[PDB]
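Student:
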Amino acid sequence: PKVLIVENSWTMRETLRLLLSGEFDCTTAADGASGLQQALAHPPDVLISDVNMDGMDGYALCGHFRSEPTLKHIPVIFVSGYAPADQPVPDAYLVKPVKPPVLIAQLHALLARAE
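See below:
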């Protein structure tokens, strides 16, 4: 399964990528804008994103995903330090520090549901 990881911290971005590389094909991006570009080009099976970012925030990124016919179906997982009907919402939300095993299980559940 292709997992797209959007996160401002390079050390954190690198951590998830390596930890998930076992059973997932991970793509990595430093911000929403970059993440969205890569997604449109090759839609991932699931998105992992931070919420409070430097530029575009998690919900706006999710918002773009929900609006793009090509990514609308992609389940989204929010990973943040912090815990309306017309606005976008993630399919799952994990609060840092994230326990690797929990994250993995979440990915599989979401990936299975979307399918």
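Residue numbers for the sequence shown, in the deposited numbering: 19 to 101, 107 to 138.
Quick reminder that beta carbons are idealized off the backbone N, C-alpha and C, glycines included.
Looking at the secondary structure, which residues open and close the beta strand (DSSP E) in which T46 lies?
Tutor: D43 to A47
Student: How many angstroms separate the CA atom of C44 from the CA atom of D109?
Tutor: One C-alpha to the other measures close to 30 Å.
Student: By how many angstroms is the C-alpha of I92 removed from the C-alpha of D63?
Tutor: 6 Å
Student: Classify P107 as buried or exposed, calling it buried when 16 or more other Cβ atoms lie within 10 Å of its own Cβ.
Tutor: exposed
Student: What does the Cβ neighbour count give for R136, buried or exposed, with the cut at 16 atoms within 10 Å?
Tutor: exposed
Student: For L117, I'd like the list of residues in its chain whose CB is within less than 6 Å of its CB, leaving aside the five on either flank, ordered along the chain.
Tutor: By the criterion of a C-beta distance shorter than 6 Å, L117 is surrounded in its chain by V97, once the five residues flanking it on both sides are discounted.
Student: Can you tell me whether DSSP reads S67 as helix, strand or coil?
Tutor: strand
Student: How far does the alpha helix (DSSP H) with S39 in it reach, from first residue to last?
Tutor: Careful: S39 lies outside any alpha helix (DSSP H) and carries neither H nor E.
Student: For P111, tell me which candidate among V94, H60, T29 and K122 has the shortest Cα-Cα distance.
Tutor: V94
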